[PDB]
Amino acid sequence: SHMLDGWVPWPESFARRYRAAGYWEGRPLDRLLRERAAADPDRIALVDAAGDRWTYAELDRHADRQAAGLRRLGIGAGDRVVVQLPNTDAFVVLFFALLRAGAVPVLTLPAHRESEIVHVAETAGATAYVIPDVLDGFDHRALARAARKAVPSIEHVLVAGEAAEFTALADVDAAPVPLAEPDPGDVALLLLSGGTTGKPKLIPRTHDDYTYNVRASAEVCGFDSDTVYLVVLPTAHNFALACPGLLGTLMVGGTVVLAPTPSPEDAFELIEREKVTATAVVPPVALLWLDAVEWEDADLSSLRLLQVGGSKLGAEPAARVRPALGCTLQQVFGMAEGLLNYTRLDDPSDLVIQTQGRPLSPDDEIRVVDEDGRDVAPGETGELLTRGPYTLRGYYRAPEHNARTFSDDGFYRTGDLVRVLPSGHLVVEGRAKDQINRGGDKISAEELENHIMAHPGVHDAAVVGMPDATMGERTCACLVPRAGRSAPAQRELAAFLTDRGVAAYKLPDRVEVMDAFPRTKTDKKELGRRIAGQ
């Protein structure tokens, strides 16, 4: 028996083996903060961009008060709560407060707009939605009004800032109350994947598998109480939350430092000020930092570890990380679905430069298969399938997609093309899935195509990735015009999609109008050629 329906538990024989192996320890995710605050109450747990800071005891106490306040509003055992917050201390407190109340956080990104928010709130039957007031010039309260109109289950909107007619997140506060613990085998939180279908898919992560994710990642990355970790990616990104991210830093007793943006201005200042020793970035930001040290005077010497993942970091900039940034590079090929590959901190420099790591767990199972589904010869390129103690057996409330995306014996089909080397290290070689990787941001082609086809001048749309030297891929929207109408140009299409509530990283970089698409279904390899003029 589980608190939520709509997800796919592990078969009992696998659960047994993961508990016996010590992976699944039987503790709720919030216990990592409870235990650290009990052992190290006066250590500095969290520092925000302004320079305010909190001890483990202070953070633990505040999570308890906000948990009790959430219960006063009726937010509790099993309720799904959409969270959309910036990199501020409000997120960290609310994350643990939701857990201790028994609510299930549904983590979205600040950049998400009405289309994504309404879909995940709908799919999760969410009862509450947590927003900033205004962030990066966008008023999220209007989005919450639009979300409430489309999703009647949303009863509460909690605002970090001026709450307008809603509830101020700072007012969610009460005397702590005895709160029951959740079952560690139950879903702890729901992550968002870019996906490959017409809707983003929700990833259920349980207490046991996410604690293992965090704990084993912290071990491999050498996180301990001496770690000062700079959250440069959004707190809701799996990379920065749990790999090992801020949760790993808190588990082991380090200091989490929140960066408001990844710019050198903000990040280089916080690295020097707080003596940051570790952080995680996407390759476009790695390239930006590698340039910026040549004109920035910040002392970055405290940096010991730079994790880079989300798209493939090239071998040439990878080799520059030690000379330029004075730290160890760790390549990370991970996914919110589960499987994490890490280079080890003492791997020979060859493997740090040339590979995307080897799997985190001894019981991460790897298969590399050809177009027919048969295992490739060792060292051949094929699609990566994987199964393990923290990789899902199915997406949340997506039966039909689950039937397509998981093999009969439970292997998740990643859509990534890889080689496995004799050492077990992976080299990422490409993608099989119909999803564009734009600087680490994942763009489901089918979701974007359906948005574009809603435009009155558009009859058909095929979204095609274009190689880019610093962004990895850009987005080209190939358009068949509506019968007797003109298709829009780039700027009109972007305005249409923004008004429709499409996150800005999904806006096409380029529009190409044509009479028909090549057919094999649409042949996107041939579309690439026609786009390139060949």
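Start at 1 and count along the sequence shown; that's the residue number.
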| query | finding |
| --- | --- |
| Deposited-sequence gap flanked by residue 520 and residue 521 | 1 to 3 |
| Of 173 to 181 and 262 to 270, the stretch whose C-alpha atoms average the higher B-factor in the entry | 173 to 181 |
| Mean C-alpha B-factor comparison - 369 to 377 and 77 to 85, higher one | 369 to 377 |
| Among 494, 32, 59, 469 - the residue whose C-alpha B-factor is largest in the record | 469 |
| Top residue by Cα temperature factor, when 347, 209, 337, 294 are compared in the entry | 294 |
| Ranked C-alpha temperature factor of residue 475 among modelled chain residues, by third | middle |
| Chain thirds of CA B-factor: placement of residue 192 | highest |
| Position of residue 440 among the chain's modelled residues by C-alpha B-factor, lowest, middle or highest third | middle |
| Ranked against its chain, the third holding the CA B-factor of residue 483 | highest |
| Third of the chain, ranked by Cα B-factor, where residue 55 sits | middle |
